[PDB]
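Peer 1: Can you read through this structure? Questions will come right after.
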There are 2 protein chains.
Amino acid sequence: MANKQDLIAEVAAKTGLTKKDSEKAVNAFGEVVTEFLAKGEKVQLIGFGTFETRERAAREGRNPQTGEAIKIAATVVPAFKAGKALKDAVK
Amino acid sequence: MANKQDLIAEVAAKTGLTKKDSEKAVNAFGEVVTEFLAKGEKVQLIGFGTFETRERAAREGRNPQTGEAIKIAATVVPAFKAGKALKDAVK
């Protein structure tokens with residue numbers, strides 16, 4: 001499994017940027033996607049995919065230990081829709 | 001909707017890197033995630049989320065052209081699992 005440092009070293013190798021500049025850009029990528037989604041804005045990235053949000057419906061159930069009802073409210077959640085290039089690469 | 005150029009301008013603003021260097025890093029980010037995923041490896045990015053692949057199981061389906069029952073092969077698809085920080089930002 002790759003971590004952020006593994007991704008950073010490969011970003012540096014692919015671009016010619018230093019590992020420290022690559023790290024700044026990689027962190028900023030995640031931060032920018034986070035901010036657009038926090039503002040309720042979709043982020044479409046040609047050749048990769050689309051980051052967006054979706055409404056996860058309310059759920060109701062029971063605590064198996066107490067028998068008490070648990071109501072989980074409807075919530076906005078992040079979502080990613082892979083583009084063609086990314087789907088083709090993994091299939 | 002934000003596109004890749006909108007994201008690159010914000011990566012430049014956040015890091016102090018030129019838009020040209022931000023563009024190189026943003027494109028390399030997507031390429032590195034794609035390669036890891038093409039190798040069947042997961043990429044965990046702390047404070048953002050995890051890119052991975054998942055197997056969609058072989059099943060019985062219907063041929064839309066003939067109307068007849070068919071056997072649909074298992075397929076590997078990309079997937080993204082948002083971390084806590086990203087979920088908290090959008091809720």
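Note on naming: chains are A, B, ... as they come in the structure tokens, residues start from 1 per chain, ligands start from 1 in the order shown.
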I'm after chain B in the frame of chain A: fit it by least squares over all Cα atoms matched in order, and give me the output as a PDB file with C-alpha atoms, in the first residue's frame.

Peer 2:
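Saved file part.pdb follows:
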```pdb
ATOM      1  CA  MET B   1       0.899  -0.093  -0.387  1.00  0.00           C
ATOM      2  CA  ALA B   2       2.112   3.328  -1.590  1.00  0.00           C
ATOM      3  CA  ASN B   3       2.042   6.255   0.829  1.00  0.00           C
ATOM      4  CA  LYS B   4       2.192  10.082   0.283  1.00  0.00           C
ATOM      5  CA  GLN B   5       6.061  10.157   0.257  1.00  0.00           C
ATOM      6  CA  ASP B   6       6.060   7.435  -2.526  1.00  0.00           C
ATOM      7  CA  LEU B   7       3.558   9.548  -4.515  1.00  0.00           C
ATOM      8  CA  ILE B   8       5.625  12.785  -3.944  1.00  0.00           C
ATOM      9  CA  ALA B   9       8.849  11.053  -5.198  1.00  0.00           C
ATOM     10  CA  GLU B  10       6.975  10.013  -8.393  1.00  0.00           C
ATOM     11  CA  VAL B  11       5.403  13.490  -8.902  1.00  0.00           C
ATOM     12  CA  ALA B  12       9.009  14.918  -8.587  1.00  0.00           C
ATOM     13  CA  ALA B  13      10.334  12.359 -11.161  1.00  0.00           C
ATOM     14  CA  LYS B  14       7.444  13.086 -13.614  1.00  0.00           C
ATOM     15  CA  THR B  15       7.615  16.917 -13.417  1.00  0.00           C
ATOM     16  CA  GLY B  16      11.238  17.798 -12.723  1.00  0.00           C
ATOM     17  CA  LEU B  17      10.083  19.738  -9.597  1.00  0.00           C
ATOM     18  CA  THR B  18      11.971  19.227  -6.326  1.00  0.00           C
ATOM     19  CA  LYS B  19      10.460  16.717  -3.827  1.00  0.00           C
ATOM     20  CA  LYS B  20       9.849  19.745  -1.506  1.00  0.00           C
ATOM     21  CA  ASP B  21       7.787  21.583  -4.175  1.00  0.00           C
ATOM     22  CA  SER B  22       5.997  18.308  -5.148  1.00  0.00           C
ATOM     23  CA  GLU B  23       5.114  17.785  -1.446  1.00  0.00           C
ATOM     24  CA  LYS B  24       3.655  21.361  -1.226  1.00  0.00           C
ATOM     25  CA  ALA B  25       1.564  20.794  -4.396  1.00  0.00           C
ATOM     26  CA  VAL B  26       0.393  17.260  -3.375  1.00  0.00           C
ATOM     27  CA  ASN B  27      -0.741  18.537   0.065  1.00  0.00           C
ATOM     28  CA  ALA B  28      -2.405  21.637  -1.524  1.00  0.00           C
ATOM     29  CA  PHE B  29      -4.240  19.344  -4.032  1.00  0.00           C
ATOM     30  CA  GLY B  30      -5.918  17.474  -1.117  1.00  0.00           C
ATOM     31  CA  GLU B  31      -6.633  20.747   0.761  1.00  0.00           C
ATOM     32  CA  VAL B  32      -8.253  22.389  -2.328  1.00  0.00           C
ATOM     33  CA  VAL B  33     -10.460  19.295  -3.032  1.00  0.00           C
ATOM     34  CA  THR B  34     -11.397  19.301   0.716  1.00  0.00           C
ATOM     35  CA  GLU B  35     -12.396  23.041   0.648  1.00  0.00           C
ATOM     36  CA  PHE B  36     -14.459  22.711  -2.521  1.00  0.00           C
ATOM     37  CA  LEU B  37     -16.241  19.699  -1.010  1.00  0.00           C
ATOM     38  CA  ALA B  38     -16.737  21.545   2.363  1.00  0.00           C
ATOM     39  CA  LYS B  39     -18.478  24.345   0.267  1.00  0.00           C
ATOM     40  CA  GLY B  40     -20.768  21.670  -1.268  1.00  0.00           C
ATOM     41  CA  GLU B  41     -19.076  22.106  -4.705  1.00  0.00           C
ATOM     42  CA  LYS B  42     -17.995  19.216  -7.066  1.00  0.00           C
ATOM     43  CA  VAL B  43     -14.388  19.085  -8.527  1.00  0.00           C
ATOM     44  CA  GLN B  44     -14.051  17.466 -11.938  1.00  0.00           C
ATOM     45  CA  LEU B  45     -10.525  16.421 -13.024  1.00  0.00           C
ATOM     46  CA  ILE B  46     -10.464  15.351 -16.710  1.00  0.00           C
ATOM     47  CA  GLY B  47      -8.625  12.073 -17.233  1.00  0.00           C
ATOM     48  CA  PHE B  48      -8.928  11.143 -13.532  1.00  0.00           C
ATOM     49  CA  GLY B  49     -12.355  11.596 -11.948  1.00  0.00           C
ATOM     50  CA  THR B  50     -14.818  13.700  -9.982  1.00  0.00           C
ATOM     51  CA  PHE B  51     -14.816  14.424  -6.257  1.00  0.00           C
ATOM     52  CA  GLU B  52     -18.228  15.253  -4.835  1.00  0.00           C
ATOM     53  CA  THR B  53     -20.472  14.892  -1.807  1.00  0.00           C
ATOM     54  CA  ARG B  54     -23.543  12.770  -1.526  1.00  0.00           C
ATOM     55  CA  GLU B  55     -26.412  12.821   0.928  1.00  0.00           C
ATOM     56  CA  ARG B  56     -26.956   9.543   2.811  1.00  0.00           C
ATOM     57  CA  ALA B  57     -30.732   9.565   3.499  1.00  0.00           C
ATOM     58  CA  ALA B  58     -32.430   9.745   6.921  1.00  0.00           C
ATOM     59  CA  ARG B  59     -33.590   6.229   7.926  1.00  0.00           C
ATOM     60  CA  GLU B  60     -34.883   3.963  10.756  1.00  0.00           C
ATOM     61  CA  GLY B  61     -32.111   2.046  12.540  1.00  0.00           C
ATOM     62  CA  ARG B  62     -31.258   0.232  15.751  1.00  0.00           C
ATOM     63  CA  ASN B  63     -29.390   1.605  18.758  1.00  0.00           C
ATOM     64  CA  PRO B  64     -26.541  -0.972  19.322  1.00  0.00           C
ATOM     65  CA  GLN B  65     -26.524  -0.254  23.099  1.00  0.00           C
ATOM     66  CA  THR B  66     -30.311  -0.386  23.847  1.00  0.00           C
ATOM     67  CA  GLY B  67     -31.490  -2.571  20.945  1.00  0.00           C
ATOM     68  CA  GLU B  68     -34.322  -0.082  20.302  1.00  0.00           C
ATOM     69  CA  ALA B  69     -35.519   1.530  17.044  1.00  0.00           C
ATOM     70  CA  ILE B  70     -34.096   5.018  16.376  1.00  0.00           C
ATOM     71  CA  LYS B  71     -34.353   7.755  13.745  1.00  0.00           C
ATOM     72  CA  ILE B  72     -30.976   8.273  11.981  1.00  0.00           C
ATOM     73  CA  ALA B  73     -30.444  11.766  10.521  1.00  0.00           C
ATOM     74  CA  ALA B  74     -29.365  12.420   6.906  1.00  0.00           C
ATOM     75  CA  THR B  75     -25.586  12.881   6.521  1.00  0.00           C
ATOM     76  CA  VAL B  76     -23.331  14.400   3.846  1.00  0.00           C
ATOM     77  CA  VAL B  77     -20.418  12.105   2.861  1.00  0.00           C
ATOM     78  CA  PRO B  78     -17.463  12.482   0.393  1.00  0.00           C
ATOM     79  CA  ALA B  79     -17.536  10.497  -2.864  1.00  0.00           C
ATOM     80  CA  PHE B  80     -15.226   9.926  -5.870  1.00  0.00           C
ATOM     81  CA  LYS B  81     -16.432   8.928  -9.340  1.00  0.00           C
ATOM     82  CA  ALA B  82     -13.611   7.521 -11.505  1.00  0.00           C
ATOM     83  CA  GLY B  83     -13.427   8.693 -15.095  1.00  0.00           C
ATOM     84  CA  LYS B  84     -13.002   6.481 -18.200  1.00  0.00           C
ATOM     85  CA  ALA B  85      -9.152   6.743 -18.333  1.00  0.00           C
ATOM     86  CA  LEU B  86      -8.806   5.610 -14.687  1.00  0.00           C
ATOM     87  CA  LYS B  87     -11.352   2.728 -15.166  1.00  0.00           C
ATOM     88  CA  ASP B  88      -9.515   1.590 -18.352  1.00  0.00           C
ATOM     89  CA  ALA B  89      -6.149   1.597 -16.528  1.00  0.00           C
ATOM     90  CA  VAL B  90      -7.306  -0.744 -13.721  1.00  0.00           C
ATOM     91  CA  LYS B  91      -9.480  -3.205 -15.744  1.00  0.00           C
TER      92      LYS B  91
END
```

Peer 1: DSSP on the backbone, helix (DSSP H, G or I) only: what residues of chain A does that give? Format it as a ChimeraX atom specification.

Peer 2: /A:4-15,19-38,84-90

Peer 1: Using C-alpha atoms, can you write the selected residues to a file as a PDB file, in the first residue's frame?

Peer 2:
```
ATOM      1  CA  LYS A   4       1.570  10.153   0.685  1.00  0.00           C
ATOM      2  CA  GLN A   5       5.438  10.087   0.818  1.00  0.00           C
ATOM      3  CA  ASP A   6       5.490   7.265  -1.844  1.00  0.00           C
ATOM      4  CA  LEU A   7       3.157   9.408  -4.022  1.00  0.00           C
ATOM      5  CA  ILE A   8       5.353  12.521  -3.405  1.00  0.00           C
ATOM      6  CA  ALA A   9       8.591  10.700  -4.470  1.00  0.00           C
ATOM      7  CA  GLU A  10       6.801   9.560  -7.710  1.00  0.00           C
ATOM      8  CA  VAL A  11       5.399  13.100  -8.344  1.00  0.00           C
ATOM      9  CA  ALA A  12       9.031  14.443  -7.997  1.00  0.00           C
ATOM     10  CA  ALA A  13      10.373  11.679 -10.338  1.00  0.00           C
ATOM     11  CA  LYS A  14       7.650  12.380 -12.976  1.00  0.00           C
ATOM     12  CA  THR A  15       7.988  16.190 -12.994  1.00  0.00           C
ATOM     13  CA  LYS A  19      10.346  16.342  -3.200  1.00  0.00           C
ATOM     14  CA  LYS A  20       9.620  19.426  -0.977  1.00  0.00           C
ATOM     15  CA  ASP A  21       7.800  21.326  -3.888  1.00  0.00           C
ATOM     16  CA  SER A  22       5.983  18.051  -4.820  1.00  0.00           C
ATOM     17  CA  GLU A  23       4.865  17.635  -1.147  1.00  0.00           C
ATOM     18  CA  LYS A  24       3.478  21.262  -1.094  1.00  0.00           C
ATOM     19  CA  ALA A  25       1.508  20.605  -4.336  1.00  0.00           C
ATOM     20  CA  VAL A  26       0.200  17.164  -3.214  1.00  0.00           C
ATOM     21  CA  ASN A  27      -1.045  18.589   0.124  1.00  0.00           C
ATOM     22  CA  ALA A  28      -2.564  21.648  -1.644  1.00  0.00           C
ATOM     23  CA  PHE A  29      -4.375  19.311  -4.120  1.00  0.00           C
ATOM     24  CA  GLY A  30      -6.283  17.642  -1.241  1.00  0.00           C
ATOM     25  CA  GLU A  31      -6.928  20.987   0.497  1.00  0.00           C
ATOM     26  CA  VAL A  32      -8.313  22.638  -2.703  1.00  0.00           C
ATOM     27  CA  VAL A  33     -10.626  19.636  -3.447  1.00  0.00           C
ATOM     28  CA  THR A  34     -11.768  19.813   0.246  1.00  0.00           C
ATOM     29  CA  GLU A  35     -12.555  23.593  -0.021  1.00  0.00           C
ATOM     30  CA  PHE A  36     -14.502  23.322  -3.279  1.00  0.00           C
ATOM     31  CA  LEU A  37     -16.598  20.441  -1.818  1.00  0.00           C
ATOM     32  CA  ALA A  38     -17.080  22.391   1.484  1.00  0.00           C
ATOM     33  CA  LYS A  84     -12.651   6.730 -18.560  1.00  0.00           C
ATOM     34  CA  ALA A  85      -8.779   6.829 -18.367  1.00  0.00           C
ATOM     35  CA  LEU A  86      -8.810   5.758 -14.686  1.00  0.00           C
ATOM     36  CA  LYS A  87     -11.423   2.975 -15.281  1.00  0.00           C
ATOM     37  CA  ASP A  88      -9.451   1.684 -18.329  1.00  0.00           C
ATOM     38  CA  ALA A  89      -6.190   1.620 -16.303  1.00  0.00           C
ATOM     39  CA  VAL A  90      -7.589  -0.638 -13.532  1.00  0.00           C
TER      40      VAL A  90
END
```

Peer 1: Where does DSSP see strand (DSSP E) in range 2-87 of chain B, if you list the residues as a list in words?

Peer 2: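 Of range 2-87 of chain B, only residues 43, 44, 45, 49, 50, 51, 52, 53, 54, 55, 56, 59, 60, 61, 62, 69, 70, 71, 72, 75, 76, 77, 78, 79, 80, 81 and 82 of chain B fall in strand (DSSP E).
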
Peer 1: Keeping C-alpha atoms for every residue in the selection just given, could you write it to a file as a PDB file, in the first residue's frame?

Peer 2:
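Saved the output as part14.pdb:
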```
ATOM      1  CA  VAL B  43      -2.978   4.821  -2.079  1.00  0.00           C
ATOM      2  CA  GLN B  44      -3.793   6.284   1.322  1.00  0.00           C
ATOM      3  CA  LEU B  45      -3.601  10.099   1.661  1.00  0.00           C
ATOM      4  CA  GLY B  49      -8.856   9.691   1.615  1.00  0.00           C
ATOM      5  CA  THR B  50      -7.913   6.370   0.053  1.00  0.00           C
ATOM      6  CA  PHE B  51      -7.906   5.441  -3.626  1.00  0.00           C
ATOM      7  CA  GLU B  52      -8.330   1.736  -4.292  1.00  0.00           C
ATOM      8  CA  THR B  53      -9.843  -0.816  -6.644  1.00  0.00           C
ATOM      9  CA  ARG B  54     -12.749  -3.071  -5.946  1.00  0.00           C
ATOM     10  CA  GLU B  55     -13.944  -6.223  -7.645  1.00  0.00           C
ATOM     11  CA  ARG B  56     -17.529  -6.068  -8.953  1.00  0.00           C
ATOM     12  CA  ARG B  59     -23.426 -12.186 -11.942  1.00  0.00           C
ATOM     13  CA  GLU B  60     -26.438 -13.223 -14.105  1.00  0.00           C
ATOM     14  CA  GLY B  61     -27.800 -10.384 -16.256  1.00  0.00           C
ATOM     15  CA  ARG B  62     -29.856  -9.634 -19.343  1.00  0.00           C
ATOM     16  CA  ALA B  69     -30.050 -14.251 -19.740  1.00  0.00           C
ATOM     17  CA  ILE B  70     -26.243 -13.883 -19.836  1.00  0.00           C
ATOM     18  CA  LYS B  71     -23.255 -14.475 -17.555  1.00  0.00           C
ATOM     19  CA  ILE B  72     -21.509 -11.156 -16.708  1.00  0.00           C
ATOM     20  CA  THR B  75     -14.673  -6.533 -13.243  1.00  0.00           C
ATOM     21  CA  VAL B  76     -12.128  -4.398 -11.370  1.00  0.00           C
ATOM     22  CA  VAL B  77     -13.305  -0.785 -10.837  1.00  0.00           C
ATOM     23  CA  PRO B  78     -11.680   2.318  -9.195  1.00  0.00           C
ATOM     24  CA  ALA B  79     -12.982   3.485  -5.803  1.00  0.00           C
ATOM     25  CA  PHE B  80     -12.333   6.384  -3.380  1.00  0.00           C
ATOM     26  CA  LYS B  81     -12.980   6.228   0.369  1.00  0.00           C
ATOM     27  CA  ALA B  82     -13.130   9.704   1.957  1.00  0.00           C
TER      28      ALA B  82
END
```
